[PDB]
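Protein chains in written order, with PDB author numbering: chain D, 120 to 178; chain C, 36 to 255; chain i, 23 to 117; chain f, 77 to 150. For reference, the structure discussed in these notes is given below.
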Amino acid sequence: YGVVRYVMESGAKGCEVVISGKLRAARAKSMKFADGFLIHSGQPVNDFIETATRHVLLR
Amino acid sequence: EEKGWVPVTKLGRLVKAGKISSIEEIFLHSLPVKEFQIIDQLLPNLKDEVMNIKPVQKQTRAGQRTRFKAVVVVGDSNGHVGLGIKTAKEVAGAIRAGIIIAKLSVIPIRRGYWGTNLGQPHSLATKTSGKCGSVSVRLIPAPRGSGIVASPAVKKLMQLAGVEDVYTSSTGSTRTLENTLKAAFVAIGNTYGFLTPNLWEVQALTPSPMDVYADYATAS
Amino acid sequence: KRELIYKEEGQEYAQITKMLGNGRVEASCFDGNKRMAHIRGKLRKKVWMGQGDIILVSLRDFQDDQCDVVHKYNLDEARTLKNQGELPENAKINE
Amino acid sequence: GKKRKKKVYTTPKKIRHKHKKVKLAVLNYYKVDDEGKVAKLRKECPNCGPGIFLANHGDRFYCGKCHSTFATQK
RNA sequence: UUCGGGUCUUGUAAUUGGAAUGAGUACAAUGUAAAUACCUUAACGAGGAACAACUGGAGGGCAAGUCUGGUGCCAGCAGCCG
RNA sequence: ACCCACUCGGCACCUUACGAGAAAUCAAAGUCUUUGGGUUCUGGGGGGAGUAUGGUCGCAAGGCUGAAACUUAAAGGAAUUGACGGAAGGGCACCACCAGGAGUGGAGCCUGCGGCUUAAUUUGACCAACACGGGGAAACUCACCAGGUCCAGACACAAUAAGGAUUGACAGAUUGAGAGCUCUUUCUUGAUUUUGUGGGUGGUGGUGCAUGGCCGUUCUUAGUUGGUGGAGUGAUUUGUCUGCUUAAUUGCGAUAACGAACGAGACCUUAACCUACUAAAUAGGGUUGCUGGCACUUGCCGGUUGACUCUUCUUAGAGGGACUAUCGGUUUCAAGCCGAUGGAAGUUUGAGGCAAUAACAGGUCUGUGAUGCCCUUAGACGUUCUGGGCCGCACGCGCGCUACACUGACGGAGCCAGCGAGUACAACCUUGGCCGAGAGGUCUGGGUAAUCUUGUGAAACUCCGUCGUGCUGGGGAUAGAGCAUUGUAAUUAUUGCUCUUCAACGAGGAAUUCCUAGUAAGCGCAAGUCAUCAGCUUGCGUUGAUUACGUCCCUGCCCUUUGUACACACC
RNA sequence: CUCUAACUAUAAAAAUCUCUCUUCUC
Ligand SMILES: [Mg+2]
Ligand SMILES: [Mg+2]
Ligand SMILES: [Mg+2]
Ligand SMILES: [Mg+2]
Ligand SMILES: [Mg+2]
Ligand SMILES: [Mg+2]
Ligand SMILES: [Mg+2]
Ligand SMILES: [Mg+2]
Ligand SMILES: [Mg+2]
Ligand SMILES: [Mg+2]
Ligand SMILES: [Mg+2]
Ligand SMILES: [Mg+2]
Ligand SMILES: [Mg+2]
Ligand SMILES: [Mg+2]
Ligand SMILES: [Mg+2]
Ligand SMILES: [Mg+2]
Ligand SMILES: [Mg+2]
Ligand SMILES: [Mg+2]
Ligand SMILES: [Mg+2]
Ligand SMILES: [Mg+2]
Ligand SMILES: [Mg+2]
Ligand SMILES: [Mg+2]
Ligand SMILES: [Mg+2]
Ligand SMILES: [Mg+2]
Ligand SMILES: [Mg+2]
Ligand SMILES: [Mg+2]
Ligand SMILES: [Mg+2]
Ligand SMILES: [Mg+2]
Ligand SMILES: [Mg+2]
Ligand SMILES: [Mg+2]
Ligand SMILES: [Mg+2]
Ligand SMILES: [Mg+2]
Ligand SMILES: [Mg+2]
Ligand SMILES: [Mg+2]
Ligand SMILES: [Mg+2]
Ligand SMILES: [Mg+2]
Ligand SMILES: [Mg+2]
Ligand SMILES: [Mg+2]
Ligand SMILES: [Mg+2]
Ligand SMILES: [Mg+2]
Ligand SMILES: [Mg+2]
Ligand SMILES: [Mg+2]
Ligand SMILES: [Mg+2]
Ligand SMILES: [Mg+2]
Ligand SMILES: [Mg+2]
Ligand SMILES: [Zn+2]
Numbered sequence: 120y121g122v123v124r125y126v127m128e129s130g131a132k133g134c135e136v137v138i139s140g141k142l143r144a145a146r147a148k149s150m151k152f153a154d155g156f157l158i159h160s161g162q163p164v165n166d167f168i169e170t171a172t173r174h175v176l177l178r
Numbered sequence: 036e037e038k039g040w041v042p043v044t045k046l047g048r049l050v051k052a053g054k055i056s057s058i059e060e061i062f063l064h065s066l067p068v069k070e071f072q073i074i075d076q077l078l079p080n081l082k083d084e085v086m087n088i089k090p091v092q093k094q095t096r097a098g099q100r101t102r103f104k105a106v107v108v109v110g111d112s113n114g115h116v117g118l119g120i121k122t123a124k125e126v127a128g129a130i131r132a133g134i135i136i137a138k139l140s141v142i143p144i145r146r147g148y149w150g151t152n153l154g155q156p157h158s159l160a161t162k163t164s165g166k167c168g169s170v171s172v173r174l175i176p177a178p179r180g181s182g183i184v185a186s187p188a189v190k191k192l193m194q195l196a197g198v199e200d201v202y203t204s205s206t207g208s209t210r211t212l213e214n215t216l217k218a219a220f221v222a223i224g225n226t227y228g229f230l231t232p233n234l235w236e237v238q239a240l241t242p243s244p245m246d247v248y249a250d251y252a253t254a255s
Numbered sequence: 023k024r025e026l027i028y029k030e031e032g033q034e035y036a037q038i039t040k041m042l043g044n045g046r047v048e049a050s051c052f053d054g055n056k057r058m059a060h061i062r063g064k065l066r067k068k069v070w071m072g073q074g075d076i077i078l079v080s081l082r083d084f085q086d087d088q089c090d091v092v093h094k095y096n097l098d099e100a101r102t103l104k105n106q107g108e109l110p111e112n113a114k115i116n117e
Numbered sequence: 077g078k079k080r081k082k083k084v085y086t087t088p089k090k091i092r093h094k095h096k097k098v099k100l101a102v103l104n105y106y107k108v109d110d111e112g113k114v115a116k117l118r119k120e121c122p123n124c125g126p127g128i129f130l131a132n133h134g135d136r137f138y139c140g141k142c143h144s145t146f147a148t149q150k
């Protein structure tokens, strides 16, 4: 939520974060945080919205 | 923090201009409150307590879509209570909207005396009761310093009210916290709904604050 | 292909004579023991068995009437038992 | 899934070839000629230069430094 | 000016000191029909003050652990849900 | 007999909550925590059980009265959201059908599974597994098997130890080895090492039911979502709908809903059309040269990197173009549908690319130096070398290929494309000239590419002949022999070529697959696999149709209504 | 501000299903 708040503070017209994995439980689950609006179809998906994927190692 | 609060309601405009000084003016003329910032302005010290968080599920074709119901009680322990009940996706948002509703639904209560009057009122004025669902709550005046003889949720509601001594009796499925708290809220707000001999003489019907100060509303 | 497990310090083999209901079986243990066999853990609804199936079963030293069936052999490890011959060979169980 | 068993070997063992250490090895290579001149019991290798001693095993002499290219019958 | 004196206090450390005291023993005397015992009191009687506080529980109801090792729907736990 | 008004009594009814209820609902089920008009009967969780017993009534059937022992954590009521219905309404889909076409299933073979077999025949998938893991593996690949090597065990400490911690080896035994792997002997080497402890690495080892990422599927359908506001005590609901329209939650609208967000659409790529612009020896054309031939009239078909000129085609940039444009019907006359005309184009213009919320215990640890945990970590599940296997074969199944011939096979002759690709620190695409009958060989020359292969002179196809209904000149499987190519290596035939034997096969049961226009189908070519190998896939083009232009009958999908004792949801 | 008219007409068969349920706190 801090990341989303900072991003929307930067002037972005919408931010979204997916955190998938073992969030404090053995069974896997994905949490979705969003604000604003994110398009999904047509090169507007390439022209405006930029994405990033990362892996984080925990214990 | 950051708060501008452009007022969208005439009541909100009057409050922001500083023309309504006490919440008693709001309660007296039965004014409709739709901006929580009015209640924040009038009662700076409204404490809260999240009574319960309850997961409620809806069965759709794919999995079970789960939200959370927050039961928030707001008040100042000086004769003002509100009971917000909200449902939302994220628990924090649920609690925020629940306190928000609770502030919107503030209500005054009529604390009285069990026997002779010596100091400030310590208990309710008369016996009162409310009923939500199948839960019926009966509040009965108690002698001074008898504590709040009530279940923990109702006890916390009375503590937020400012009622220091009161007896209670609940009938039904008082298990469900929302029903019990709503019934107790109905009773404690009904305390100002009982005509009493000391409340018989008629008054002069002082003009409404938005009639005398209509000019300061209507943003031009 | 899995390794076949032999008996040890109390467990013994047997053959199902007739399978009862409610997870119960009649099993002839090869000591002349027409014992009652209880379907047990890891064996409830994960592996299925039937009439005339080679079986391995653990005894209960505090009650010899009933005994708890543990592992079932798939009619080929049964053949291996049959050649190594730890069980009596006076019985024919074929297909 | 994989079902692996403990490996069984039809070979007793192959043991690490331990180097044959020799105490006082160097002096056996030489011979003191009575407080003065000294000689060498082993033969010198021509390809490497002075000092390196030939290896005599049986009806030939063998080198150590250029070992591979020198094995000359006695 | 980073500090920082700790300027003012409150805990944690097998460091470290001096006190006080019984629970026990016991001259007596009181007590009692006679004795115990209690009240009083000589003389002893605390350093790990070994003069050593247990009984249940730590998912919820219900205060308190999603620490470590063991067993892996066994052994067992569980008033109920588990 | 009606009509109007009123009243008493009765079966009833509509609206509403301002009252009551857990609600469905009730004008009584109201006047009940602000609890008392009179009065009778009945119930105290479910089951056992309205059972036994004892009475009593009855001809009998059976009625009335009527427990316990024991067992159980629930049984049950109303309603909400889903799912389901051999329930209803309205719409859709050649992964549905109708009308059809081509088929598969019958035969050979090729490949992939299962089973069997084996030392191993390594393994993961069982609509959404099965020509799938780019899985066309002779070595490698590799993961399996019989064996043989090595540490590529950092680092810290201890320990030996510089009068040797150690390393390596000629030659022989040993080995498959020209392996100092192990031994015989001896020689070489210098603090890197060696043997113990901790620890660390490596692992196509296990767990996709611990995970990420990605992809597939639910679902190619049109469906989702929250903010104020309304209704509910509430789970939830309205907004998201009575209609009509659309491919569409697409719009016209009506409205306790108002404004919005994602999806759809829009958007990009591609395919058209551009005698309008910019231009071009890496594309074409004209005129004229310099020539060749034939005609003889000045003309025809050619060659030339000689000159001048142009951009119609070929290119690729900026742009234009279609927005259902005009007109006629039909439509609460609105959204829109149908037809004709003009057009290049009137199915969203065709074809695609991205493609929402929620989810699957769908697949992948075997793509990853992505990875938690567990296992192993020295004769190793690490790594490498040799050889074998992944291809075996009493048997079933799934993609396909070649065929059963006359609309044909075989000879000649005609001669037509579009996607590609192509060599450097390596050796690619190959023209052309000589050889060979062919595969192929050799000598040269282009091309790091609109330049050269290349106009890829491809097959089907076309013309003229041979064959003549004969399992035949169809079919080309199975074999024998030989010649070559790639390869360290070709046997268990890599592949190509030459001669011969020429098998099953007579249009294929039940059943089942794909598809509505340059589509299906026939035909091949290029690219990815590639040192050599496709019967595979991804693309491209040639010839090019029959039959629809509809429906909910089978299989499903979307919305609404209804019922449910279902929610691990009709498996 | 005056008004009661049009219509039909489908019932063949279809039984059963072994797991396993997992925390919401700013
Ligand atoms: Mg959009
Ligand atoms: Mg789109
Ligand atoms: Mg049982
Ligand atoms: Mg204890
Ligand atoms: Mg315990
Ligand atoms: Mg414990
Ligand atoms: Mg607690
Ligand atoms: Mg009962
Ligand atoms: Mg009953
Ligand atoms: Mg009787
Ligand atoms: Mg019900
Ligand atoms: Mg089908
Ligand atoms: Mg058909
Ligand atoms: Mg065919
Ligand atoms: Mg076939
Ligand atoms: Mg077949
Ligand atoms: Mg196999
Ligand atoms: Mg599908
Ligand atoms: Mg091959
Ligand atoms: Mg190998
Ligand atoms: Mg191999
Ligand atoms: Mg080996
Ligand atoms: Mg690996
Ligand atoms: Mg390996
Ligand atoms: Mg999975
Ligand atoms: Mg989707
Ligand atoms: Mg709302
Ligand atoms: Mg809705
Ligand atoms: Mg042009
Ligand atoms: Mg018109
Ligand atoms: Mg399209
Ligand atoms: Mg799975
Ligand atoms: Mg691994
Ligand atoms: Mg294979
Ligand atoms: Mg396939
Ligand atoms: Mg021909
Ligand atoms: Mg071409
Ligand atoms: Mg040709
Ligand atoms: Mg023939
Ligand atoms: Mg032929
Ligand atoms: Mg053909
Ligand atoms: Mg392939
Ligand atoms: Mg159609
Ligand atoms: Mg249920
Ligand atoms: Mg059924
Ligand atoms: Zn030498």
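Just so it is clear, CB atoms sit at the ideal spot from N, CA and C, and this is done for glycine as well.
1. Just the C-alpha distance for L46/C and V68/C, rounded to the nearest angstrom, thanks.
2. DSSP puts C167/C in a beta bridge; with which residues?
3. Identify which residue in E135/D, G130/D, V126/D, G140/D has its Cα closest to the Cα of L177/D.
4. Could you tell me the alpha carbon to alpha carbon distance between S56/C and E213/C, rounded to whole angstroms?
5. For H159/D, count neighbouring C-beta atoms within 10 Å of its own C-beta (all shown protein chains included) and say buried if the count is 16 or more, exposed if not.
6. Consult DSSP for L234/C and reduce its assignment to one of helix, strand or coil.
7. Check whether the region 89 to 101 of chain i touches the region 41 to 60 of chain i, counting contact only when three or more Cβ pairs, one atom from each stretch, lie closer than 8 Å.
8. What do you get for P176/C, buried or exposed, if any count of 16 or more other CB atoms within 10 angstroms of its CB means buried?
9. According to DSSP, simplified to helix, strand and coil, what is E213/C?
10. Assuming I135/C contacts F71/C (C-beta within less than 8 Å), just tell me the rounded distance between them.
11. Closest by CA to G140/f, which one among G127/f, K83/f, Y85/f?
12. When the distance is taken between beta carbons, is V237/C closer than 8 Å to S205/C?
13. Going residue by residue through the region 94 to 147 of chain f, where are the continuous beta strand (DSSP E) segments of at least 3 residues, counting only ones entirely within it?
14. Taking the straight line between their C-alpha atoms, what separation do you get for residue 259/C and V50/C?
15. Taking C-beta to C-beta, are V98/f and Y106/f nearer than 8 Å?
16. In chain order, what residues of the same chain lie with their CB nearer than 7 Å to the CB of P90/C, ignoring the 5 residues before and after it?
17. Helix, strand or coil for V69/i, going by three-state DSSP, please let me know.
18. Starting from the Cα of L81/i, find the closest Cα among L26/i, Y28/i, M71/i, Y35/i and give me that residue.
19. Cβ atoms of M150/D and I138/D: under 8 Å apart, would you say?
20. What distance in whole Å lies between the Cβ atoms of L157/D and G133/D, which are believed to be in contact at a cut-off of 8 Å?
21. DSSP three-state call for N165/D: helix, strand or coil?
22. For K162/C, collect the residues of the same chain with a Cβ closer than 6 Å to its Cβ; drop the 5 residues on either side in sequence, then sort them by chain order.
23. By DSSP, does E135/D sit in helix, in strand, or in coil?
24. DSSP state of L78/i, grouped into three classes?
25. Would you kindly report the start and end of the unbroken alpha helix (DSSP H) that includes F71/C?
26. Shorter than 7 Å, the distance from the beta carbon of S160/D to the closest heavy atom of ligand 2, or not?
27. Do the CB positions of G114/C and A188/C come within less than 8 Å of each other?
28. Measuring alpha carbon to alpha carbon, tell me which residue in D98/i, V79/i, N105/i, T102/i is nearest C51/i.
29. Nearest by alpha-carbon distance to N152/C: which of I58/C, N80/C, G133/C, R179/C is it?
30. With a threshold of 8 Å on Cβ separation, who are the neighbours of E59/C within its own chain once the five nearest residues in sequence on each side are excluded?
31. Leaving out the 5 sequence neighbours to the left and right, which residues in its chain are closer than 8 Å to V136/D when beta-carbon positions are compared?
32. Does the beta-carbon of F84/i have 16 or more other beta-carbons within 10 angstroms, so that it is buried, or is it exposed?
So, from the data block:
1. As a position in the second sequence, residue 46/C is number 11, starting the count at 1. As a position in the second sequence, residue 68/C is number 33, starting the count at 1. If I take the Cα positions, the gap works out to 7 Å.
2. Counting from 1 along the second sequence, the entry for residue 167/C is found at position 132. BP columns for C167/C point to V170/C.
3. Along the first sequence, one-based indexing puts residue 177/D at 58. Shortest Cα-Cα distance from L177/D to any of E135/D, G130/D, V126/D, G140/D involves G140/D.
4. Here the question's residue 56/C lines up with position 21 in the second sequence. Here the question's residue 213/C lines up with position 178 in the second sequence. Each residue's CA atom was taken as its position, placing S56/C and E213/C some 33 Å apart.
5. One-based indexing of the first sequence puts residue 159/D at position 40. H159/D should be labelled exposed.
6. As a first step, residue 234/C must be located in the second sequence, where it is residue number 199. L234/C falls in the helix class under three-state DSSP.
7. With a cut-off of 8 Å, the region 41 to 60 of chain i and the region 89 to 101 of chain i count as touching, because enough Cβ pairs lie within range.
8. One-based indexing of the second sequence puts residue 176/C at position 141. With 16 or more other Cβ atoms within 10 Å, it is buried.
9. The residue given as residue 213/C occupies position 178 in the second sequence. The answer is helix: DSSP assigns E213/C an H, G or I state.
10. Here residue 135/C corresponds to residue number 100 of the second sequence, with the count starting at 1. Here residue 71/C corresponds to residue number 36 of the second sequence, with the count starting at 1. Between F71/C and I135/C the Cβ distance is about 5 Å, and since that is below 8 Å, they are a contact.
11. Taking the fourth sequence and counting its residues from 1, one reaches residue 140/f at position 64. Nearest of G127/f, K83/f, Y85/f to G140/f, Cα basis: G127/f.
12. In the second sequence, the residue the question calls residue 205/C occupies position 170. In the second sequence, the residue the question calls residue 237/C occupies position 202. No, they are not a contact pair.
13. Here the runs fully enclosed are 106 to 108, 114 to 116.
14. For residue 259/C there is no data in the structure shown, the boundaries of chain C being 36 and 255.
15. Indexing the fourth sequence from 1 puts residue 98/f at position 22. Indexing the fourth sequence from 1 puts residue 106/f at position 30. Not a contact, by the Cβ cut-off of 8 Å.
16. Position 55 of the second sequence, counted from the first residue, corresponds to residue 90/C. For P90/C, where only same-chain residues beyond five positions count, the Cβ hits under 7 Å are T101, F103.
17. By 1-based counting over the third sequence, the position of residue 69/i is 47. In this structure, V69/i counts as coil in the three-state DSSP scheme.
18. Counting from one through the third sequence, the residue named residue 81/i turns up at place 59. For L81/i, the closest alpha carbon among the candidates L26/i, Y28/i, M71/i, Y35/i is that of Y35/i.
19. Here residue 138/D refers to the residue found at position 19 of the first sequence. Here residue 150/D refers to the residue found at position 31 of the first sequence. The answer is yes: Cβ separation under 8 Å.
20. The residue you call residue 133/D lines up with position 14 of the first sequence. The residue you call residue 157/D lines up with position 38 of the first sequence. In this structure, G133/D and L157/D form a Cβ contact; the two beta carbons are roughly 5 Å apart against a cut-off of 8 Å.
21. Indexing the first sequence from 1 puts residue 165/D at position 46. Looking at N165/D - three-state DSSP - the assignment turns out to be helix.
22. Indexing the second sequence from 1 puts residue 162/C at position 127. Excluding sequence neighbours, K162/C sits near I175.
23. For the purposes of this step, residue 135/D is taken as the residue at position 16 of the first sequence. In this structure, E135/D counts as strand in the three-state DSSP scheme.
24. Along the third sequence, one-based indexing puts residue 78/i at 56. Looking at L78/i - three-state DSSP - the assignment turns out to be strand.
25. The sequence position of residue 71/C within the second sequence is 36, counting from 1. Start and end: 71 to 77.
26. The sequence position of residue 160/D within the first sequence is 41, counting from 1. A heavy atom of ligand 2 is found nearer than 7 Å to the CB of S160/D.
27. Start at 1 with the first residue of the second sequence, and residue 114/C comes out as number 79. Start at 1 with the first residue of the second sequence, and residue 188/C comes out as number 153. Against a cut-off of 8 Å, the Cβ pair of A188/C and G114/C comes out as no contact.
28. Position 29 of the third sequence, counted from the start, is the residue given in the question as residue 51/i. Comparing Cα positions, the closest option is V79/i.
29. Here the question's residue 152/C lines up with position 117 in the second sequence. With distances taken between Cα atoms, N152/C lies closest to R179/C.
30. To locate residue 59/C, count along the second sequence from 1; it is residue 24. Excluding sequence neighbours, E59/C sits near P143.
31. To locate residue 136/D, count along the first sequence from 1; it is residue 17. Beyond the five residues adjoining it in sequence on each side, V136/D comes within less than 8 Å, by CB distance, of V122, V123, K151, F152, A153 in the same chain, given in chain order.
32. For this step, residue 84/i is matched to residue 62 along the third sequence. Counting Cβ neighbours within 10 Å, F84/i comes out exposed, since fewer than 16 surround it.
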